[PDB]
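Visitor: I need the structure of the sequence given here:
(chains A, B and C, ligands or ions: 2)
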Amino acid sequence: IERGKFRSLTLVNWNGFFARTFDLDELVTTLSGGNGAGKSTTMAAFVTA
Amino acid sequence: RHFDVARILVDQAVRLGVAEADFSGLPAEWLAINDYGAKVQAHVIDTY
Amino acid sequence: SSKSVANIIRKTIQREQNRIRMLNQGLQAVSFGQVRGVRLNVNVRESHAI
Ligand SMILES: Nc1ncnc2c1ncn2[C@@H]1O[C@H](COP(=O)(O)OP(=O)(O)OP(=O)(O)O)[C@@H](O)[C@H]1O
Ligand SMILES: [Mg+2]
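Guide: Numbers count the residues shown, from 1 in each chain, chains lettered A, B, ... in the order given. Ligands and ions are numbered 1, 2, ... in the order given. Next up is the structure itself:
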């Protein structure tokens, strides 16, 4: 009961992200932006962490 | 319709300059923008 | 025979380089994301020039 949750993700001094924090949704978080916006970059930050 | 509005407005707003506070390292808060529980997280857009 | 070989390869390479370089100007700064233009670079390999 009471599954642990990932609350937030922080990027520091990356290409395009000097300092950016995203508040992770409990159910679904949806990145949206044009090609090259850097969404793949964000998932990369996650997984590398 | 509110959602379909919010999105569009943001699409129009983010093309207009940037927010200087975003380089301060201080995260912005989730300000409520209506009843029923809608929230937004964005710094003020200062630098046009 | 070796000299002649080297010569013909050199000529062929030059011709093709020129043709490709002329072709390159068939592109007009395409807009894709942060990509603003596409180009083909052709260059004889020094490792092979030797
Ligand atoms: N290792 C890298 N070296 C140089 N530029 C990179 C690198 N990784 C990403 N970029 C650039 O950073 C920007 C963000 O790329 P990214 O693919 O994350 O964007 P996107 O909008 O999420 O698109 P996609 O839907 O393809 O993931 C693009 O300009 C990409 O070319
Ligand atoms: Mg991406």
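Visitor: most centrally placed residue in chain B?
Guide: residue B:42 (3.7 Å; C-alpha atoms, centre = their mean).
Visitor: What distance do you get for it to chain C?
Guide: Here residue B:42 is placed at a distance of 23 Å from chain C (C-beta to the nearest C-beta, to the nearest Å). No exception for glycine: its C-beta is placed from N, CA and C like everyone else's.
Visitor: how about that residue, what does it touch?
Guide: Residues near residue B:42 by C-beta atoms under 8 Å, 6 or more residues apart in numbering or on different chains: B:10, B:19, B:28.
Visitor: Just the ones in strands from these, please.
Guide: Among these, no member falls in strands (DSSP state E).
Visitor: and of the residues you listed, the nearest to residue B:36?
Guide: Residue B:36 lies nearest to residue B:10 out of the contacts of residue B:42, by C-beta to C-beta, at 18.4 Å.
Visitor: Could you list the buried residues of the biggest helix by length in chain C?
Guide: Longest helix of chain C, by residue count under DSSP state H: helix C:2-24. Buried residues in helix C:2-24, counted by 16 or more other C-beta atoms under 10 Å in any protein chain shown: none are found.
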